[PDB]
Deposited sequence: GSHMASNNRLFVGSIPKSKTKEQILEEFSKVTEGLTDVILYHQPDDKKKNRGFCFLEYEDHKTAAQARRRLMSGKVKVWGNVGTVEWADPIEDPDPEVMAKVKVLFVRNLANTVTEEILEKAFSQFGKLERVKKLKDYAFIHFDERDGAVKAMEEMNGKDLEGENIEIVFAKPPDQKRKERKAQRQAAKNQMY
């Protein structure tokens, strides 16, 4: 599910065939390579790509491996990162934020004011020191989490994940 690595720099002339060969040479379980081509000449790539592995284990072993100095792929010029699902979506994706580390003085209203900046809230539900924040659309949750995570609310650094759906 988390099975894709981001690769920050590859030679922009290399085809998807050649990227598969190169990275398949030095890691196990490589299963796909997702390339974007320079729209002005479809034959070149945009200088980055995604590596897909059969599972998250494999992708995880591969990342460690490519990050070790133990082996070199086209110079190791850029970083190899986990892919960010926020960044490349894809189906009812989750528009509920789970917020923890809520200071004593934080109310449902204060939560509404702070999180309303990013899009229409459907409901704020505060518990003891954590809260559920229902956004009308996923894009509002994505923005709220990106901008608010780790931020100070009433003296407390709040921590934000997408909620686990009860389904």
**Fill in**
The deposited sequence goes unmodelled at 1 to 5, 96 to 98, 176 to 193
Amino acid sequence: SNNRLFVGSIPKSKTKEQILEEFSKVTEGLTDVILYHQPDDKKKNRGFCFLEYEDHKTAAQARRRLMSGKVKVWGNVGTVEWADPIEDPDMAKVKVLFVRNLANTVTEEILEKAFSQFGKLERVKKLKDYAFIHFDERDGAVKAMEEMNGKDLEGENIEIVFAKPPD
From here on, numbers count along this sequence of modelled residues.
**Asked** For the stretches 94 to 102 and 111 to 119, which has the higher mean C-alpha B-factor as given in the deposited record?
**Response** 111 to 119
**Prompt:** Which wins on mean Cα temperature factor, 33 to 41 or 134 to 142?
**Reply:** 33 to 41
**Request:** Among all modelled residues of this chain, ranked by Cα B factor, put residue 20 in the bottom, middle or top third, i.e. lowest, middle or highest.
**Result:** lowest
**Request:** Would you mind ranking residue 158 by its C-alpha B-factor against the rest of the chain and naming the third, lowest, middle or highest?
**Result:** middle
**Message:** Split into thirds by Cα B-factor across the chain's modelled residues, where does residue 12 land: lowest, middle or highest?
**Reply:** middle
**Prompt:** Against its chain's modelled residues, does residue 127's Cα B factor rank lowest, middle or highest third?
**Reply:** middle
**Asked** If you rank the chain by CA B-factor, which third does residue 59 end up in: lowest, middle or highest?
**Response** lowest
